[PDB]
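Submitted below is the structure of interest, expressed as structure tokens.
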Amino acid sequence: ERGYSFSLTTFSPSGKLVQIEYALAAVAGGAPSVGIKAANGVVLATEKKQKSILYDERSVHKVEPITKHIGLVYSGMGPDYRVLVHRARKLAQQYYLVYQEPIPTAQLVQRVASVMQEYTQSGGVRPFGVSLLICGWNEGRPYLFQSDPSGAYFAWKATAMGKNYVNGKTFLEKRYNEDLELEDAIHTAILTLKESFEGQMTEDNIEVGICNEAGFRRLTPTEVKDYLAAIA
Amino acid sequence: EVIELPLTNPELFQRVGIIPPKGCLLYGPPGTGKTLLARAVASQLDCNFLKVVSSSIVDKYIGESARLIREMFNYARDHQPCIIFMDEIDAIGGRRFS
Amino acid sequence: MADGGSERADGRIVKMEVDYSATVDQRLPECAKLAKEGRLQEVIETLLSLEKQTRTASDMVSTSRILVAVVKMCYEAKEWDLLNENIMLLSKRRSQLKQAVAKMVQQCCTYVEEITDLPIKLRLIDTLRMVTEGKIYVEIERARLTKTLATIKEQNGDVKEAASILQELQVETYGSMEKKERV
Amino acid sequence: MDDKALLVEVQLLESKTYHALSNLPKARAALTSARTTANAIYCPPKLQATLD
Amino acid sequence: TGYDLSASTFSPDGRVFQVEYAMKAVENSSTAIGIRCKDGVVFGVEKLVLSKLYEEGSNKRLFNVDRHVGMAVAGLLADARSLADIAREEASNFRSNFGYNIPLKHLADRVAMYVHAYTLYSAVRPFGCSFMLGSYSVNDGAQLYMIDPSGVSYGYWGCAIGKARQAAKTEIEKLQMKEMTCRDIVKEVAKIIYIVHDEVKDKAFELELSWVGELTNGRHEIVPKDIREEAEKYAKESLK
Amino acid sequence: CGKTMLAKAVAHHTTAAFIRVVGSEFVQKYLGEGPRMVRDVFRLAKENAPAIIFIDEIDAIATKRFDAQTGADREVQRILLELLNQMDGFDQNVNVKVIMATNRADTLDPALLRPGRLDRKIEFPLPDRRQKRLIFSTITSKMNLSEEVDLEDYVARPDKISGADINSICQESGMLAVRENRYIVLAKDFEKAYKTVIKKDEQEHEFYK
Amino acid sequence: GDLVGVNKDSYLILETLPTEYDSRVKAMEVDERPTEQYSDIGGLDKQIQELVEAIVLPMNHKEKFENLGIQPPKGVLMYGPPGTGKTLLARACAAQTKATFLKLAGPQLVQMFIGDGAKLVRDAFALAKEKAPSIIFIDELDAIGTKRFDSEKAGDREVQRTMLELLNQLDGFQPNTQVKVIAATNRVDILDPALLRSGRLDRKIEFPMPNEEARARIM
Amino acid sequence: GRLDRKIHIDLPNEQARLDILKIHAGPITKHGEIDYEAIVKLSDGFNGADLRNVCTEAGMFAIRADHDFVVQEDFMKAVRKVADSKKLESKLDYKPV
Amino acid sequence: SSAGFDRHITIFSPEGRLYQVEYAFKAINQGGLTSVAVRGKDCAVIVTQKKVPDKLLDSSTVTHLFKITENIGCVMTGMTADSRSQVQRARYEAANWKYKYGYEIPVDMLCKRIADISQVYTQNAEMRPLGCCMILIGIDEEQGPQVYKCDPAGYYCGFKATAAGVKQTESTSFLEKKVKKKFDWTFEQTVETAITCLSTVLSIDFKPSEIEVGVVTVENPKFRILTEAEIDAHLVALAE
């Protein structure tokens, strides 16, 4: 068959791209998320909620490992997340085949952003509807990055995304600093996620990921319950 | 259970400690018997029973449309056991415009 | 339906006396499913009356032996369960449990002259958990008064019995009582 | 930092310790500061009674 | 409006409109019925004569798909011929690949998938033909299937398509077809088509009958002329 | 959300005069009655005592746009103008207080809210979490609830209940108890009544997020 | 509610007058008959018979229905592409029958003052009820029957509210069995479903374009 | 507080369609065996107001051909004469909110 | 709420939504049928209803259950042709996985591959996103029974009790009420609960000829369809 071969994203009379704005508006309605780094590693926290008790909470995951030391979380549309995850895995594989070394974080961020940008200029397609957070630990210094449906990216110390992201950023403004440890970072991440959380926070509604110079991994529900207790 | 019982055996609800509902609406697709039900109730329940279609209580003079409603509720208040049935209330109950 | 149960009753009236209470279980289903029918206004009530008479006869025979307290509780719980499985409100609009409770009350008041702890105190605990419903309010009164009176006379004591009798604040509320008895 | 309730608690504690040491003006001033800093809390479910 | 211009737009209530328009295009075809017997199937088509100039045997609507499989079509002739050709090529391909005559449960499915492939995209239009496939095998008995332009195929004991489909199936159901051999079925098929399409609607017409079953040792062909003559002679008696 | 119960409670507990009217009673078939029926109310309240006036559903006569060619709009305009004049004529000495209630405040004429006429705006929002427990406790303190029914099970539930149908929850559960010829409420009654009244499924496509 | 004539000065009652009807309703009654025998119609042999058996036979042969325990049909709609013989059939039927015939058109009921239209509707039914065997014909029905809808800024309501009176003189709370209703339109995808209900419009005849043999007969 | 209970009145289950057919069919001088279950199986999504029409059409089919009784074939014609005319009625169901 | 061609193709509306996909969800309900799936301690059950309105139609070919693999079974709802096409794609994908990796395919990978295939239709503006649902049941080593569900928007998940069709909401409510009690689950109990759920949602009290049941268990992981006799056996055992 064939496609259409004409761009669906065009310039308005006021010099603005409408579709990117609508994609950002769709992103703003997703599940909230928070990300922090303090001098030793990075913490990614996200909130998950099944509609009823029928759903199995251990069947799918939000935090996904690209490789041994890169982590990624999302906010926005659901199905579009897997395509980006799969593409990132492929890209890391070609990099490792060519150079025989684990990929640096910045290169992976740049390549993923390039794909996401290219997806808004071709013909007969519509842009993605997610916003990503990427974390890693290479050569000692930890790294945190955030993407954008338009393809741009930034580097952050602490970031909040999803619903009520403005309140999260203001809250992090008066709390975060440049010298803490991973445990206190976890404490403040749960504290700031409690701002818009549900009535009762259980050990299964929350997913937490930690990166240190030992590798990326996803916290099991037991220690998540341990952290939820003795706090708040 | 709503219109017949608390009209004739009122102390039960007093004992339990509640006041019975005042009214209910019948809804559903066309032709499923909504008027036939009210005809049967009217024919086989001994009470006082006013019955009107809401489309025909309107007229062009400046205030009659509200006066008539005040009149019919006064009439019901004087004749103490009574039922008000009025049909097709979407004719006047519509959402209020801006 | 109606006369088939009469024939079965006239048949097993002797069998129950000759046999043990196990056949009661064998006679439990066939009557209970009849309450499922409920096709006529008075057949089901007479049926359940016959079966309640059978249950009270078995209770008398059992409490005559050591099966006084350990099996009466099972009897009452099973009859409540049979009501649950059959139509609610005990099969029909008629209480169809009022007669059972009244007969058991008569047995408690008169037959158990030797009111040992298990024969009377336990039987009252069992029968006072049918208190909640309105249909049988009058009996739960008489039973409450009898319980308090027995406790007072036999053991003396005080305060607790007074508290028990007071809690029947519905004495005023009960419509269908003789005025003098209320007084 | 973020925490404001603990500020209310310690302010009330200083109010109590000044009052027990028989220094009325400073105790009243500390209580006033605690009241001002306790008016912005979303809900002090039990602390409100102690303050009052 | 405008929700009913492409084949790739769901209407607000959630259904496709072009396929429904194809359906309404089918409902103006003439008529065609087909019923299965104890040991085969029988098709029947009434063909209208528009003017005296045309010759008998023109534009047959009873197509022969394969050496043991037959087809009867209703709708637009051009699309019907295209479908017949694609089914014929597919059957030959199957015989070449594996090595034996294709069963109905596979051929009907493949043609149904190919027809359904033309209802998703906006670059092509849906087909406009509804057709019936019939066959008989010694190891599988008689088989009858019906396929509609939306892409749905079912199995039937007897079916009718065209204008007076329901009127025909009314007298179809009265028959106890489950028992008799399809030697006497020809007379009742002729009778059931002469009891429809009043002469007020059109002046003249003609009958086309097919035949397949164990009686022909697996081959599919038109009925002999004398048998059809006797069948219509019997069917004329409905004037009583 | 209970705008009228404040009026009822203050009417019960007051020590001064009270007057209540409905905003839609002023329009009259005989022309010229509306202004008179406004000015006499204000005169009576003025000369009587430290009175309080209450008007319910002011949307009937106080709206924004008009059409000066139909008769009825002219009459309503005259009513509103005279009401503004009469309210403005007070001399900050008489002790008369005016209460007005409305349902949709967006369709109101702005000139009615100018300073000196209606200087206080009070909002009655939906109960959230703390008011639910209090409303359940106060409504159910009258009934015969059995010592087995939990209320914290129903309060914590997410749905945005108003204040006008918690009463309906309790009332319907009582009716379920009455149907059984039993005079004590059980937990299953609240469970079934709460299921019956709300009846909201999801409307919540879950690939949104 | 009775209407009485009164002495101007004492106000003593002096007469009882006949009931009065709006003159706009008394004007929609035919008086000089059309003159079109069914001979002047070609091709429509089915639809003529399906009309006549539905709204003429129940007038003359009452026993033929009573003697079997049935109710005659309530009313007929006829629809189809413009230029087919609908209004021609209405004129023919009016020319053959003896009964009182009322002729009406939908747009004529749209009136400026609120409530003035419903009054005309019920007054027309009330007039027909008095002339025992009367029949009533509504043309251009699609001017009234447009589907109701939901709106929050502004919308149309007065015509909807007269339609809800029409839908109640047919069927409704008290059955009327004495007057026959015909209605006509050329578009049906417009109309409100609650109007199409089986109890109100009972036989829905449809008119096709003439095939080859009918055109010869028309010419 | 103003309208306290809301009572949904809905299209009949097949058992109810049998009940209503037995109601409206009775007075007809019907003749020979009749099998209502076929009718109940064909009529799907019918209103109560359509089954009355089926019963009227059945007799209308027998006023033609000069009979004075009804037979099951008439019901089986009338069912389909009605059932296909519902195609031109909109299919929406509306519900309060 | 709309501006431009957002109502006709799959692009974002101003609020951030897109309607050409949520129209398919209400296109699901066009069939007017409901299916239920239950998972037990060591078995999984799929139950559905079937309706045959006419006697002429052959009742042996109206099944909605399909054997995707000797160990994995499925049930479909919605438009028939789309469901058949999705069945075809699933069969091909499972066979390809077996060819390539040399061992049987897990159910979750199959569901993910199907959902990823379906997600493209809601990304490009020239296709229509296939309004048909998906339910699969299977057995996995060290996990036991597994029940997964897939939708036209590309959202797959793993459930413990599922219903798909017209009566989805109240059936899920009833299943939740039953499962909150946390009682032991065996084969007979699971089948009884699954049947009674549909029986009380529809209020039919039906016969052993109007439903279909499929079951899998850890004694013969082959997917099997219950015969009418044993279905009647469960039905009578349910009614004491």
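Each chain carries a letter (A, B, C, D, E, F, G, H and I) given by its place in the written order, and its residues are counted from 1.
Just so it is clear, a residue touches a chain if its C-beta (ideal position, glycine included) is under 8 Å from a C-beta of that chain, and two chains touch if they have at least 3 such contacts.
In UniProt terms the chains read A = Proteasome subunit alpha type-2; E = Proteasome subunit alpha type-3; I = Proteasome subunit alpha type-6.
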{"item": "G-H against E-I, pair bridged by the larger set of C-beta contacts", "value": "E-I"}
{"item": "Chain closest to the middle, measuring from C-alpha centroids that were averaged per chain", "value": "I"}
{"item": "Separation of mean Cα positions, subunit I and subunit H [Å, integer]", "value": "34"}
{"item": "Distance from subunit H to subunit F - Cα centre to Cα centre, in angstrom", "value": "48"}
{"item": "Interchain centroid distance [CA atoms averaged], subunit A/subunit E, Å", "value": "59"}
{"item": "Touching two or more other chains - residue numbers and ranges from subunit G", "value": "193, 197-199"}
{"item": "Residues of subunit I whose C-beta touches two or more other chains", "value": "25, 126, 153-155"}
{"item": "Residues of subunit F touching subunit C in the complex", "value": "180-184"}
{"item": "Residues of subunit A touching subunit I in the complex", "value": "3-4, 8, 19, 22-23, 25-29, 52-56, 59-60, 78-80, 82-83, 124-126, 129"}
{"item": "Subunit A-touching residues of subunit D, taken from the complex the two chains share", "value": "1-2"}
{"item": "Touching residues on subunit B, where the partner in the complex is subunit F", "value": "1, 12-13, 15-21, 61-64, 66-67, 96, 98"}
{"item": "Subunit H-touching residues of subunit I, taken from the complex the two chains share", "value": "53, 203-204"}
